[PDB]
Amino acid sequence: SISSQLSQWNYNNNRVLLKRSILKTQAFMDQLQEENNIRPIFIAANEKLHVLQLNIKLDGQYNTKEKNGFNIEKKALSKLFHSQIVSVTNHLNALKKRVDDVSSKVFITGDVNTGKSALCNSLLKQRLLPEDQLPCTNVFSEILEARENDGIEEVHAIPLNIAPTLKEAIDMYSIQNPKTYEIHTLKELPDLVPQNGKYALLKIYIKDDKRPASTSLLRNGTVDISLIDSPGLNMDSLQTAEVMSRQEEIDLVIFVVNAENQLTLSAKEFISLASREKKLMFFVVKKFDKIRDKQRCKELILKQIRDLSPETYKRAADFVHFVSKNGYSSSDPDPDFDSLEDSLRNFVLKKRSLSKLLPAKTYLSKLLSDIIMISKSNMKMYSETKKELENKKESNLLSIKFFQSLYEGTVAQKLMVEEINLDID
């Protein structure tokens, strides 16, 4: 208890440190946007940024080995860069809201038909979420404890018509404000989960009465936990975008891998984007019982995880798992699943600083790195009609002082962020 009390003490301290770091990194962000507005900055270069990358893609156009670049002039690129500034600011606010929150939101996502719904059902030891051979979950399914809903086991279907976008409709939901959700029982879930054109979020309130609290995930007595079953990747273009959007508003990712396909391209597109903030995530490989070349399949998944996120591969004993339990509490042990359940429980409940706060430090360190790289480039370059020349030389000097100060500030802030130690437990 003394170690658990030191962890809670350390966690609340680091929570305060990262909240201030987000505040000041956002202020460096705000300085960039204000500077880019008055005189455009330099984005071109001939290595790459982590978060502030400006990558232009033509829809329906695939470059096999083409130059890209497109040779857009400076002023047009900076107007597109402003969208990258807004995107990072929204992500920064998503991290700040998560840091202030004390609850841990777990995200179980992956390609279509990998077994995410079956894995969530396994975590609760009850067949609650619909599972099907054909594409099933089309609406985000969030399982919560029944305490918040006064102890009634029912489903709150968040309608999509209450807000212009999905994110705004989810944020609108409050149990005290009816008609922002429709009351449904637990038994219409097969009818609710495919209606992606009607509902944005399914608030599923249940009681984790099955299995005692010492080894139950939702009823741990320590941390409020939220379980979110995600629609499949590689199905719809908008569906993928919505899954991308959720990743920024959840604390923990459990990525479900189909053993035959290994990490697919649609899967790599998610993990690499999540890696902007999430140094560590869970990789659960289902349907491994089918594989007959297990050793070669073994090495192929790990080799891909090593590249997509080497910290997870470094800690593969706790984060890489190969389960076969499919569509509970049977007389059979199933040690593969129990080992994931213990590793998961240990991560969410004992290592708060690692499970909850590490995404903030990783993103801050990466975002500050980019602002350092951007300042360095604009410095070297700004160092390099007649009537219009006098004001162009004056404006160039007015921003070389800006990028000099912004350079100095972010080099300092990066070193300050590294002073935070989240691997205490």
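Start at 1 with the first residue shown and count on from there.
- Unmodelled residues of the deposited sequence between residue 64 and residue 65: none, the chain being continuous.
- The stretch of deposited sequence separating residue 190 from residue 191 contains no residues lacking coordinates in this entry.
- Legend: mean Cα B-factor per stretch from the PDB entry, 82-90 versus 156-164; the higher mean is in 156-164.
- Annotation for 140-148 versus 239-247: the higher mean temperature factor (C-alpha) is found in 140-148.
- Between the residues 257, 213, 280, 340, it is 213 that shows the highest Cα B-factor in the PDB record.
- In this structure the maximum Cα B-factor among 369, 31, 362, 395 is found at 395.
- Per-chain ranking of the deposited C-alpha B factor places residue 44 in the highest third.
- Compared with the other modelled residues of the chain, the Cα B-factor recorded for residue 178 ranks in the highest third.
- Among all modelled residues in this chain, the alpha-carbon of residue 194 has a temperature factor (C-alpha) in the middle third.
- When the modelled residues of the chain are ordered by their C-alpha B factor, residue 52 lands in the middle third.
- Per the deposited record, the Cα B-factor of residue 218 falls in the highest third when ranked against the other modelled residues of its chain.
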